[PDB]
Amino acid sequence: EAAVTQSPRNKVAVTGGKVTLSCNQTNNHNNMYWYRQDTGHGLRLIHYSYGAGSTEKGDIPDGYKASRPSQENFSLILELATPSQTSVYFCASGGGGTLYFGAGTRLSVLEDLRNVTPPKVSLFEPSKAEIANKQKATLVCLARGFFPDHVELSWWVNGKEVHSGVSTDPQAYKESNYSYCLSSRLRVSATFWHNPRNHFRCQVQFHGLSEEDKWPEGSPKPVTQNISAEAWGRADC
């Protein structure tokens, strides 16, 4: 393997909140870190540790509390939350000077919670013209109106995933002040689109709120769920 685990992966909560983003280790490195990636400054260190019982401050410690129980585990604490804290973290180990970073974490510290919204996905079908023109189809997918910008999109053809002929946008472009949109595309041959034995699903993963977590009123709770918008290949004529 040679790597570092960092989960939860995505997490959102209101101010005053208190989460515990953990991290495991399968590489006996003694050292461990917690940096904060934000545009404008790049990675910034908060807390590191030389091993069990060790926790020494970093450059931006206020509001954070690290804890090194066991050589393997290292986790960050945030007793009292704050949207100033909304960001992408990574714990990292490093047996000398060769650091190893982990997947990462999306923590958004919203003030108001019922201010989220699952995505709205919809698969547009290919310009016929495109097909005549270039002999290739291009189903273009666009998702809209979700706030926690924690979403992952993947194309599914006939049951399997497909990474080829895909151009899922980098990150979420804020639609309006409280919702974003992710537009991704796929592009097969015209031969391929034209066979109604093909299945094409565009699906978005959306990390919403916990189960163990309070949702007011009666409307549906914005939990973790996958929204898909399929489409079927049709022959010409």
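For every residue, the number given is its place in the sequence shown, counted from 1.
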*Would you determine, from the values in the PDB entry, which of 183-191 and 208-216 has the greater average C-alpha temperature factor?*
208-216
_I need to verify one thing: averaged over C-alpha atoms only, is the B-factor higher for 96-104 or for 162-170?_
162-170
*If you rank the chain by CA B-factor, which third does residue 51 end up in: lowest, middle or highest?*
lowest
*Which third of the chain holds residue 128 when residues are ordered by C-alpha B factor: lowest, middle or highest?*
middle
*C-alpha B factor of residue 196, ranked within the chain: lowest, middle or highest third?*
highest
_Quick check for you: using the entry's CA B-factors within this chain, is residue 62 in the lowest, middle or highest third?_
middle
_How does the C-alpha B factor of residue 82 compare with the rest of the chain: lowest, middle or highest third?_
middle
